[PDB]
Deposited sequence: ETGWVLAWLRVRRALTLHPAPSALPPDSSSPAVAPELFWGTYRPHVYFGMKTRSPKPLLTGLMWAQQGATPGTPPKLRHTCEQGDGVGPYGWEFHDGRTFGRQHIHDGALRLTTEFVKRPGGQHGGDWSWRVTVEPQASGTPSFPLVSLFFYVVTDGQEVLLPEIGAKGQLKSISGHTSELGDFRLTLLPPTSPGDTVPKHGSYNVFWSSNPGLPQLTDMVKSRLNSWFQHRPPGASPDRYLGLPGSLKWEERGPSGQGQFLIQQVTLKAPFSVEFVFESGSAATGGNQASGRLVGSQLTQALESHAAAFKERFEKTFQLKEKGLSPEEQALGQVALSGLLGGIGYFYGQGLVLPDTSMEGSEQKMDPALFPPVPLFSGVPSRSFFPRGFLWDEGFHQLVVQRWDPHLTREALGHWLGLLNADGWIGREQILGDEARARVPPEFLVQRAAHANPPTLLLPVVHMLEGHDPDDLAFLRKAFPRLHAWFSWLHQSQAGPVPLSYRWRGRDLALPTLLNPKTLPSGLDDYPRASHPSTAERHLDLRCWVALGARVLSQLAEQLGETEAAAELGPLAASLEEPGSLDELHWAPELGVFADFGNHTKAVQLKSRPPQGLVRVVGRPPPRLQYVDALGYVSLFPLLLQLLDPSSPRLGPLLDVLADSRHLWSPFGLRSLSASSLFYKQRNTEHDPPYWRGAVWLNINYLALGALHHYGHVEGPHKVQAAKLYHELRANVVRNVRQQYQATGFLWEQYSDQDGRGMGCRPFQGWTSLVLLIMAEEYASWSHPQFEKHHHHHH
C-alpha cells in the first residue's frame, strides 16, 4: 500500500545494467583490477572488489621533541602540516609519479603496473626520501590488509610475504633492501614489524601510533648510531575472523629509495634498473600522448601552461576511487533505512575529503577524463547509473564503506529520496554522441533506459506550481539563525533565493537543466531509434526552448535579468540579541510574492546552457551584466554573485561563511566560456561582443589558476574575486581540472 512505495524507494532499478555482468573481475577488466583507488590515503593500492586486498604507506620523521611523539603520516588531512603534494604524472592505468613536501623532507612515490596472468597482473612501488634543498632520520611503513578468513605466510629476517585469495589466487609481497637514489648499491636499514588482526581501515593510524612505544638503535657501518621509536624488533603474531594487518617498518638516514613489489602467481623482474627504465618509458609515452590529445604546444600555450595542464589531468586521474557498501536513505513522505550494497568507480572532488562520490561534480570530472580515456568514462557512468532506485533517484552524495563514513553520526550521512542534483552526467553524453565511436554507441544503447528513468524522475519529482515551472525540493527549514535558507540540492549551497520559502517558488537554474536534459536525451533517442522516447522528449525540449514561456516564468523587467520567484523581502539582517546570539531580523517592507534580486550565476543560466537564440532580445542584457565590473566581471574570472549585492561576502550564520556569494568557481566559468565560444562563432547581432568577452575571460581565468599554482603548488576549490588567491579546500581535482579544457578550447556542443 504505502509500505510498497517505501520498499520501491529502497530497491535497485529493474532495468538492464549499463555495465557487463561481472565488469570489475580481472577476467573481464584485467588492466583496471589494481589501482590507486583509495584517494584519501597519500599512497596506497586496492582491488576493484567487495572483499579487497589493500596496501598502503605511512611515514614519520625521527628526532622529534619529547613528551610529544613523532607525527605519523597516512591520510590526506588538510591541517596536518604536510604540503604541497600531488600527482605530476598518472595515466589512470599503468603508472604514476607523485611528490610530497613535508617540512624538512621531500618524498617521491612512484608506481608501474605490469600485466600478465589471470588475476590482474603485477605492480612495483619506489619511495624516495630526500632532504629539502641535512641528513634526517626517517621511518617508512609498508602494510597489507587481508579480508575475513585470509591469512599471510611470512618468510623469515623478513624476506617476503605470500598469500592466497579467491580473486587474486597465489601472490607474493616483497620489501627490497634500500639503496641511495639513482643507484642499485644496497644501504643498511633497521627493521621493525607488527602483525595481528585487522582493526578496521579508519583505525590503522591509531593502532600504529599505539605500538610505536619502544626505543631502538640504528647502527649503519662507518657512522655514529642513532636512536629511534619503533614497532617490535622481531616477528610475532599478536592475538576473530576480520582479516589480517601486517606492517613493516624501515629506518635510515635520507637520501634513500626503497622498493615494494607485488608478484602474481599466474603471471610467473620489475626492480632496480628495469623499474627505472619502465618509469622513463612511461613518462615519455605520456608526454607524447598528452600533446596528441590536447595539442597545447601546437595551440601556442607556454611551457608553464603545458605543465599546469599535465598536473590538472594527473591529479584528476590520481583521485579516481573504488567504493563498496550500503548508503543511508530517507524515503519521501520517518526513520533512516539502508540502501542495497553497491559498487562505485568514480572521481572525487578533493583528496582532502572523506572518500565520497558527488553526483553533479562527476559530470564535470568526466568531461576531462573522456578526452584522455573513453573506457574510464564508460566505467564511471555505468557505475553511477547502477545506483538508481526503482523511482529513478540517485543520492547526490555517495558514502560507501567504513573510511567514507569516517566516524560521522548517521543523522548527517542520510540522503533524502525527495532531493535532486544537477544532471551534469548528461554533458559527457553529448561528446560521446558527437564522436560516433562504436564502443560509445554500444554503451549508450544499453544505458538509455537508465538515463531516461533518471531524467524522467527529475522533471516529475521537482515539478513547480505552474506548467513548465520547476522548484528544487529541500531548501532549509526556516530557522531564526539562518539569514537566507540554503538550497543544498542545487549545488550552489548559499546562493540567495526567496527569503520565505514556499510551494509558490519558481527556480530558474532547475528549469534550464530540465530543458538541456530533454534536448540531450531527445537527440540520443533519435540516434538510437527509440521511437516512443523521442516522441515524448522532442516536444518537451521544444516547449522548454520556446522564449514566450521562459519570459512569462522568469523574465524580471524591474531587474533587467532572468530571476527566481518567491515570497521575498530584501529587509532581512543578522543581528546579535542577548541571550539568543546572532539571529535573523525581518524588517519592513514585509515579504510578498515577486522576483528575487540576486544577480549572479543563477541569472545567467539561459546563456550558460546555450538556450537563448542568437537573436534573442534577452541575450544582449545578460552579456552586459556578465561584462560589468560592478557586477560579475572580476580580474580573475566571473563572480558567483554581484559585488553590488546586499548578500556579497555575507555569512549565512555565525558558523557559515559566504560560499557562492562572490567567489570565482571554475565549473561555472567553464560553462560561461563554452557559451561565449558558441555565441562568438554563430551568426547573430551579438557575435562580435561574445567573441571578444570569450578571449578576455579565457586569459584571466588561465593566468590566475597558473599563478596560484606557482605560488602554492595547488589547484583550489575557489578563487578570491579581489586578489585571485586560492581559497577553500585543496587539492581540488575536482572540477578545477577543467582549466585543461579551457587551455585546449575543448567545449562540448549540444546544437
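Counting from residue 1 of the deposited sequence, the stretches lacking C-alpha coordinates in this chain are 1 to 5, 139 to 142, 166 to 169, 253 to 255, 285 to 292, 358 to 365, 784 to 795.
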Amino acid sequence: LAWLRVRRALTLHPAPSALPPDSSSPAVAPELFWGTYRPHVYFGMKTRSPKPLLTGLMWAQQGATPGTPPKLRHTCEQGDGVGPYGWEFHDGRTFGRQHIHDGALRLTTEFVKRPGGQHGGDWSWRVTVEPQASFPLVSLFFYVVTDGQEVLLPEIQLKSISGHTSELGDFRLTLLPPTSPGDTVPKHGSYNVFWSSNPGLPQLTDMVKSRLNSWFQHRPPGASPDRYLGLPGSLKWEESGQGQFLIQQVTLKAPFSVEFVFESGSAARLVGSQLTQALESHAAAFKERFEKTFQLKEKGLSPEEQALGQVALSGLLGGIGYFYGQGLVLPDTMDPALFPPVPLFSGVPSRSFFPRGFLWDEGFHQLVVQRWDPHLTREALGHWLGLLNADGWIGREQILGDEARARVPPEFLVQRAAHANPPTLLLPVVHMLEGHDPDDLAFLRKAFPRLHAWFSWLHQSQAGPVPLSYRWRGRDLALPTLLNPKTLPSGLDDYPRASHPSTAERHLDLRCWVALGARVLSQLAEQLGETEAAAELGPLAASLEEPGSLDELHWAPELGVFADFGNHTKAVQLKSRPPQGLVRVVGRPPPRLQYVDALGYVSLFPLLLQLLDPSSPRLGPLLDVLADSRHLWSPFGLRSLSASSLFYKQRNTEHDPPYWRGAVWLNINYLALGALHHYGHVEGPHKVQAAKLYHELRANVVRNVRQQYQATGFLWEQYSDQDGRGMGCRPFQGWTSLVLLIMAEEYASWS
From here on, numbers count along this sequence of modelled residues.
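54 to 62 and 40 to 48 differ in mean CA B-factor, and the higher of the two is recorded for 54 to 62. Across the two stretches, 172 to 180 and 611 to 619, the PDB entry reports the greater mean Cα temperature factor for 172 to 180. Per the PDB record, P69 has a higher Cα B-factor than any other of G35, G724, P69, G713.
Comparing the C-alpha B-factors of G386, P467, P410, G319 in the entry, the top value falls on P410. Sort the modelled residues of the chain by CA B factor and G734 lands in the lowest third.
Split the chain's modelled residues into thirds by C-alpha temperature factor. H500 is in the lowest one. In this PDB entry, the Cα temperature factor of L693 sits in the middle third of its chain's modelled residues. In this PDB entry, the Cα temperature factor of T128 sits in the middle third of its chain's modelled residues. When the modelled residues of the chain are ordered by C-alpha B-factor, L313 sits in the lowest third.
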